[PDB]
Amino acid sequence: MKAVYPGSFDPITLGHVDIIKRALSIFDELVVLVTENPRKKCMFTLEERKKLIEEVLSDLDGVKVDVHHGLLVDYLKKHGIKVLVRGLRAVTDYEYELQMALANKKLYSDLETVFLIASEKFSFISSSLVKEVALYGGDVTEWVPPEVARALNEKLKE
């Protein structure tokens, strides 16, 4: 069965990769969906983020990476996908997640949003933390794949 893992992935972290790998143990097919969050000004374009994720996930079976500019549930409806996966961390805004899950279900009544728990080691990181630290030249090697560390380093020069 198919699921979508939607997110800004700006950039993708090792926490995200963990959720992807784990989600694949429940859903045979996973779409990692780089989707526009209108409440964020992103560092990387949607396509830059897609290419990064593809490099990073390159030898996982069962995973496809895509981008979406519109209403999330329209992507799912169009492709006949009825499951959304999201990760929950200690630093997650829980009411935000609930609000969106409930809103999405109202817009798409067949939808199920399924949450996995971040492991302890990734429960307090975020893309935002990663970018902030990299932008001041800190080491983010333990939080992101090497592809992403390179990409961040370049963007901090450009």
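Sequential numbering from 1, following the sequence displayed.
- Between the stretches 128 to 136 and 36 to 44, it is 36 to 44 that shows the larger average CA temperature factor.
- The deposited CA B-factor of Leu116 belongs to the middle third of values across its chain.
- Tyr108: CA B factor lies in the lowest third for its chain, per the PDB record.
- When the CA B factors of the chain's modelled residues are split into thirds, the value for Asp66 lands in the lowest one.
- Among all modelled residues in its chain, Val91 ranks in the highest third by Cα B-factor.
- Ranked against the other modelled residues of its chain, the C-alpha B-factor of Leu60 as given in the entry falls in the highest third.
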